[PDB]
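Visitor: Sequence, then the experimental structure. Questions to follow.
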Amino acid sequence: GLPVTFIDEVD
Amino acid sequence: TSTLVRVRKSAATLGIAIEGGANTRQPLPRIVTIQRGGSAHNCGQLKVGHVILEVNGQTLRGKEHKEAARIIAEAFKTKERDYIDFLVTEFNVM
């Protein structure tokens, strides 16, 4: 699967 | 073919999720969620399925997923400006 990131959760 | 979308920082969050990145079959990140209440949603103009070619003129080609996400997060958090420009496409670009 493709990786997914919610930008607001980036530290 | 391609559209430059200016997202004003109208909320405390950007409110997008991206999938893919370099070294995957989706080599430029694709927007998979636009969260109501965030700056992206408030802007009228980004869509689930948009592929992000550039952030503030910086190509995302070559940026693996975590690095692309880092750059976008920095573009949102920076006090350099009160907006982010995304160059996007709904289809493909030559």
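Guide: All right, it came through fine. Numbers count the residues shown, from 1 in each chain, chains lettered A, B, ... in the order given.
Visitor: Now the host helix or strand of residue B:87: buried residues?
Guide: Assigned by DSSP states H and E, residue B:87 falls within strand B:83-89. By 16 or more other Cβ atoms under 10 Å in any protein chain shown, the buried positions in strand B:83-89 come out as B:84-88. Using the backbone N, CA and C atoms, a C-beta is placed for each residue, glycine as well.
Visitor: Relative to residue B:59, which of the residues you listed is nearest.
Guide: Nearest to residue B:59 among the buried residues of strand B:83-89, counting by Cβ to Cβ, is residue B:87 at 8.7 Å.
Visitor: gap between that closest one and residue B:73?
Guide: Applying Cβ to Cβ, to the nearest Å, the value for residue B:87 to residue B:73 is 18 Å.
Visitor: where's stretch B:10-23 relative to the chain centroid, distance-wise?
Guide: Distance, stretch centre to chain centre, for stretch B:10-23: 6 Å (Cα atoms, centre = their mean, to the nearest Å).
Visitor: now do stretch B:52-61
Guide: Taking Cα atoms, centre = their mean, one finds stretch B:52-61 lying 8 Å from the centre of the chain it belongs to.
Visitor: And for stretch B:26-33?
Guide: 8 Å.
Visitor: got the contact list for it?
Guide: The contact list for stretch B:26-33 (Cβ atoms under 8 Å, 6 or more residues apart in numbering or on different chains) reads A:2, A:4, A:6, B:16-21, B:46-53, B:60-61, B:65, B:68-69, B:72, B:88.
Visitor: Just the buried residues of those.
Guide: By 16+ other Cβ under 10 Å, the contacts of stretch B:26-33 give A:6, B:16-21, B:46, B:50-53, B:60, B:65, B:68-69, B:72, B:88 as buried.
Visitor: Contact residues of chain B facing chain A?
Guide: Contact residues (Cβ under 8 Å from any Cβ of the partner chain) of chain B with chain A: B:13-21, B:24-26, B:32-33, B:35, B:38, B:65-66, B:69-70, B:72-73, B:76.
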